[PDB]
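A note on names: the letters A, B, ... follow the listed sequences, proteins ahead of strands, and every chain is numbered from 1.
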Amino acid sequence: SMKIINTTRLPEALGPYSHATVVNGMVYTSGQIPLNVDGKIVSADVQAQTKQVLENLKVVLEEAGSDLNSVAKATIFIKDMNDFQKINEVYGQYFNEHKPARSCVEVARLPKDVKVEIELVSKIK
Amino acid sequence: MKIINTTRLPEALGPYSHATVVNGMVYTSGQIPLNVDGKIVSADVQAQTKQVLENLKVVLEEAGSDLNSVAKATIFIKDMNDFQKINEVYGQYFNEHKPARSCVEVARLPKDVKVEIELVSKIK
Amino acid sequence: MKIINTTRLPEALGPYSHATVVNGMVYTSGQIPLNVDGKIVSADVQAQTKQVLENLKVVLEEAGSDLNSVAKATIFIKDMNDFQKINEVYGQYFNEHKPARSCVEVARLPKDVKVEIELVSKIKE
Ligand SMILES: [O][Cl-]
Ligand code: NA
């Protein structure tokens with residue numbers, strides 16, 4: 001019915017949330033932020049941050065039995081709409097052949113003062 | 001498609017409903033900390049968070065779901081410095097069951113509240 | 001999974017599509033108030049809301065869905081002071097059918113538009 005996805009390959013979801021759920025053949029990821037497995041921000045650089053988020057999401061999807069080519073929808077929450085071209089360049093490297101639906105908005109603030117946070121909805125397989 | 005609107009909460013006034021149910025999935029509206037009179041309960045962020053989750057529990061129940069069936073939660077907040085206080089209350093509702101979550105600080109919330117939460121949940 | 005791109009609307013720039021359709025559901029990209037020339041139709045927030053909802057009406061049709069099939073709307077806005085005016089336009093599109101909704105004020109939207117709306121919808125019949 002429902003699967004709860006948590007991988008020690010990734011920085012822990014501390015406290016009351018998990019890396020992803022799988023319900024009715026759909027994966028719902030948590031928002032990923034640019035932490036490595038030690039739970040440290042990888043870089044001040046917004047392109048380095050976007051790559052770590054997308055590398056994190058590739059692992060979530062693998063563990064949930066999905067892949068990037070199965071993504072229906074991404075939401076990109078960012079700190080600075082002026083970084084959008086830089087973020088979009090890196091995103092386009094992960095979403096080349098497959099181009100899912102997307103929304104990108106500038107928020108006030110992200111966890112740990114990170115610059116980018118991305119959540120996915122993906123199909124199993 | 002089933003439209004959910006419970007009289008156990010203040011009416012969703014204007015062009016929305018408490019939730020919809022489609023293909024065995026409940027999509028809640030973003031709840032804000034209105035009491036049953038439709039007044040903001042308090043300026044206190046832990047009270048607001050509790051009011052929001054109490055409201056969402058009633059929505060899930062009237063939609064044929066429950067908090068243990070939640071897939072995904074999105075938490076929109078006014079102040080990321082309140083995150084630990086919000087998380088404490090949140091973990092009283094999602095204690096054994098820990099669904100997927102995103103939490104961002106927005107610029108401003110309806111009625112200048114400090115938290116709004118929406119859920120995606122499985123029908124039991 | 002089906003990819004939706006309509007020529008009726010300004011092209012998705014780079015690595016996204018107008019919508020995806022997967023397991024009987026349409027996920028739309030967030031629509032901003034661009035006309036078919038990809039220009040911001042107007043400074044007026046009610047004209048912008050109208051263009052957004054006209055753009056989403058066409059995505060839903062191309063996806064094989066409609067406004068009376070919508071499960072969930074997310075309304076991103078630049079100014080909570082505009083909420084009454086946006087809601088007035090939105091209620092014209094959602095009078096017979098009232099979906100679930102979330103509405104939040106973001107710091108900034110693409111091209112400094114005042115409103116952006118994404119939808120999750122059921123395939124029609
Ligand atoms: O939060 Cl991984
Ligand atoms: Na993360």
Worksheet entry | Residues of residues 41-71 of chain C within contact distance of chain B, non-hydrogen under 4.5 Å | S69(C), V70(C), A71(C)
Worksheet item: Can you tell which of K98(C), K78(C), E88(C) has the highest number of heavy-atom pairs within less than 4.5 Å of chain B?
Response: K98(C)
Discussion item. Can you tell me which of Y93(C), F76(C), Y90(C) forms the most heavy-atom pairs within a distance under 4.5 Å of chain B?
Written reply: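 Counting heavy-atom pairs under 4.5 Å, the top option is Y90(C).
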Practice prompt. Please answer whether the main-chain N or O of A100(C) pairs with a side-chain N or O of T20(B) as donor and acceptor at a distance below 3.5 Å.
Written response: no
Worksheet item: Between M25(B) and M25(C), is any pair of side-chain heavy atoms under 4.5 Å apart?
Response: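 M25(B) vs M25(C): side chains apart.
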Proximity breakdown for [X] and chain B, heavy-atom pairs closer than 4.5 Å:
X       : answer
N95(C)  : neither
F94(C)  : both
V106(C) : backbone

Discussion item. Using every non-hydrogen atom in the two residues, find where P15(B) and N87(C) come nearest and quote the distance to one decimal.
Written reply: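 Looking at all heavy atoms of both residues, the closest pair is CD-OD1, 3.2 Å.
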Worksheet item: Of the non-hydrogen atoms in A107(C) and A107(B), which two are nearest, and what is the gap between them?
Response: N-CB, 3.8 Å
By a 4.5 Å heavy-atom criterion (distance strictly below it), what part of [X] contacts chain C: side chain, backbone, both, or neither?
X       : result
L109(B) : both
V22(B)  : side chain
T28(B)  : backbone

Output the distance between atom [atom1] ([X]) and atom [atom2] ([Y]), rounded to the nearest 0.5 Å.
X      : Y       : atom1 : atom2 : result
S17(B) : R101(C) : OG    : CZ    : 10.0 Å
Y27(B) : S102(C) : OH    : OG    : 13.0 Å
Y16(B) : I75(C)  : OH    : CD1   : 10.5 Å

